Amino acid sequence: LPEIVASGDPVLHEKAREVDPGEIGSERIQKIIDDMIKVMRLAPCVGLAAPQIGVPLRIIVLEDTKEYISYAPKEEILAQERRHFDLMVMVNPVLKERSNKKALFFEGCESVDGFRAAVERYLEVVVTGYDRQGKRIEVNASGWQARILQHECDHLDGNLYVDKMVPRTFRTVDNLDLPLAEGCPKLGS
């Protein structure tokens, strides 16, 4: 299995190429997709973009399970509208917002280990693309799944969350629960 690439490797900071839709069902593409799923599950995390395994192509994978969700208190889960959703694989995804509604919550990236910051994201998204077998799909999501989708689509444009985080909120994981500083906007919606 490929290792998860860390901030600084130019593949993370460069625009990824679209995959020919007619090649999505090939061996090479199908292995990359399978690798992504194994790596996401081994971390574990709720999403992965192909550049994070060294692949300059427009492919994301993502899932959130009852198990992952059981690590967080019910209060957090509620505020975050965080809900289980099946393994999704999107090739050449194009995200657009469904409205102008945003929420502000703490995010971490497997390519930036030991840190988090508060990031503003649209609550409601639609993402068009192809699935794992090359079939055109449209995905509408709200809450936490929406957030994950923007996180992962970001990676495909060479964008990490550190370059769009709320100022003064960046922090170690051990400092996650400390208050927000004077002037930071409150968390939530």
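All residue numbers are counted from 1 along the displayed sequence.
Mean C-alpha B-factor is higher over 175 to 183 than over the other stretch, the pair under comparison being 175 to 183 and 162 to 170. The mean Cα B-factor in the deposited entry runs higher for 64 to 72 than for the other of 46 to 54 and 64 to 72. In this entry, the residue among 104, 91, 117, 112 with the greatest C-alpha B factor is 104.
Residue 28: CA B factor in the highest third of modelled residues in this chain (values from the PDB entry).
For residue 5, the recorded CA B-factor ranks within the middle third of the chain. Only modelled residues enter the ranking.
Per the deposited record, the Cα B-factor of residue 124 falls in the middle third when ranked against the other modelled residues of its chain.
Compared with the other modelled residues of the chain, the Cα B-factor recorded for residue 132 ranks in the highest third. Ranked against the other modelled residues of its chain, the C-alpha B-factor of residue 139 as given in the entry falls in the highest third.
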